[PDB]
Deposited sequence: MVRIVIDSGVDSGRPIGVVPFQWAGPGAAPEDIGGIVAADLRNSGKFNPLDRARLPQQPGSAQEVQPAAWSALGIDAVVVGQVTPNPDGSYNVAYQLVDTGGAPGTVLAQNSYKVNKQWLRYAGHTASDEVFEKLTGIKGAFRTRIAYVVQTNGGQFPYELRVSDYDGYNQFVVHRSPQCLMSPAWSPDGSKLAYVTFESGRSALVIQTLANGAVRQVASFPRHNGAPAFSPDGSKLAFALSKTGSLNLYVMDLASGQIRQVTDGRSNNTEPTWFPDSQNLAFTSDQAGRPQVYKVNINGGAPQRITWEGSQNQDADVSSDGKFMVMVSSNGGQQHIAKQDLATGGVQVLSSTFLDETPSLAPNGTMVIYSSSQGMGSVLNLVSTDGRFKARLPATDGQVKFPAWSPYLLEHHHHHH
């Protein structure tokens, strides 16, 4: 299912298949079903060449066409037009053209997808966003790498290598920094690394565990978990002052904070009721409220950017899977069907979830659309990959 749409190979071998990136982006969203390339009624290279009737016969009311041309200096011009084949046939609904160097060709495709997506759904596109994650390689000296790639797995680069375990990266809302857990000192420490220059700020290294960071959306605070007291509890740092307040205090374990849009409330995982469940608490007036009542276990949540839902790892009768819970109804929908589903993270427009599974025996991340309609494996890495974290809008 999803809205059928025509995505035509772009007019030029071409250095990159821009039309294919657009189709893959739109499909990944769940919201679209780009027509199989072998079943296209034609391959128009321009808006004028589009025959609306041949696309409307197939249930298609919009068509993406475009052009890639070489510039004498070795750069490329990428243009797309979105042509109506429904109520205003032959009309151009959106279009753009821009000049890119060869290494920004995928990015040129993701721009087109973002604009076509927003035009047709009214939802901001997330195809130019990034993911962070940790890979344990088979290298001896620095087996752990914190890496970043495009959301779809291409254009990977290394942010930090370590001889010791890394965990749980988290993006600043401006997209310029990653917080994370490192065991490089011989025990856990929480640090924030600035991506542009690699500078590292030391945030915390209290006795026992320092973990599971999250930046508030307004950019002012970092939430995280400490076990110095005897069990894991939540704390928040005012990033300007460096000051730390305690948020949960109790004998139970409380970890994996995620922010609500207001930058004042956290959801988090607690074992207070026995098996893990998700709770909500104010970082000021402290008294946690249980919010997950389906299944027998729920954990590791990520609240959407509009505050309307969250994703999490939910267990009902033996099966642990990525699930989505409406925060104003308690209604739960199971999204993933893979094995050992863990650590979900939502795209900034709430339309896709990245998470880890048994696919590739640990070496693959997976995408699932939050409507449940589309599922895929990302390109395999050269190691075990864990703790994905989907960037803000960039």
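Unmodelled regions (deposited sequence positions with no C-alpha coordinates, counted from 1) are 1 to 11, 24 to 27, 410 to 417.
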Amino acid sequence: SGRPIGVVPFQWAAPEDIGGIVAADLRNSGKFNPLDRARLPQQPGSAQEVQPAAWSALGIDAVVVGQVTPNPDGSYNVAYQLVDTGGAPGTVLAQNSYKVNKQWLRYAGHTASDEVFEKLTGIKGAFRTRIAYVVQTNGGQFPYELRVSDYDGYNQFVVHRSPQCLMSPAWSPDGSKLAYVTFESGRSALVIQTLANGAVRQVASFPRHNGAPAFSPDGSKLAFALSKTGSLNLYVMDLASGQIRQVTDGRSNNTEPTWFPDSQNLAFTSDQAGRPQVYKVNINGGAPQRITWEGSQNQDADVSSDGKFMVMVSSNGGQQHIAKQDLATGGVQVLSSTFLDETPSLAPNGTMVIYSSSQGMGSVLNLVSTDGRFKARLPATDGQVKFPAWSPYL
From here on, numbers count along this sequence of modelled residues.
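The stretch 97 to 105 shows the higher mean C-alpha B-factor when 178 to 186 is compared against 97 to 105 in the entry.
Look at the mean CA B-factor for 316 to 324 and for 259 to 267 in the entry; the higher one is 316 to 324. Across the options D150, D300, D73, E118, the residue with the most elevated CA B-factor in the record is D73. Taking only the listed residues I354, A38, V64, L26, the entry reports the highest CA temperature factor at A38. In this PDB entry, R290 carries a Cα temperature factor that places it within the middle third of its chain's modelled residues. In this PDB entry, the Cα temperature factor of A240 sits in the top third of its chain's modelled residues, the highest group.
Remark: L394 belongs to the highest third of its chain, ranked by C-alpha B-factor as recorded. Sorting the modelled residues of the chain by their CA temperature factor places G139 in the highest third. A53: CA B factor lies in the highest third for its chain, per the PDB record.
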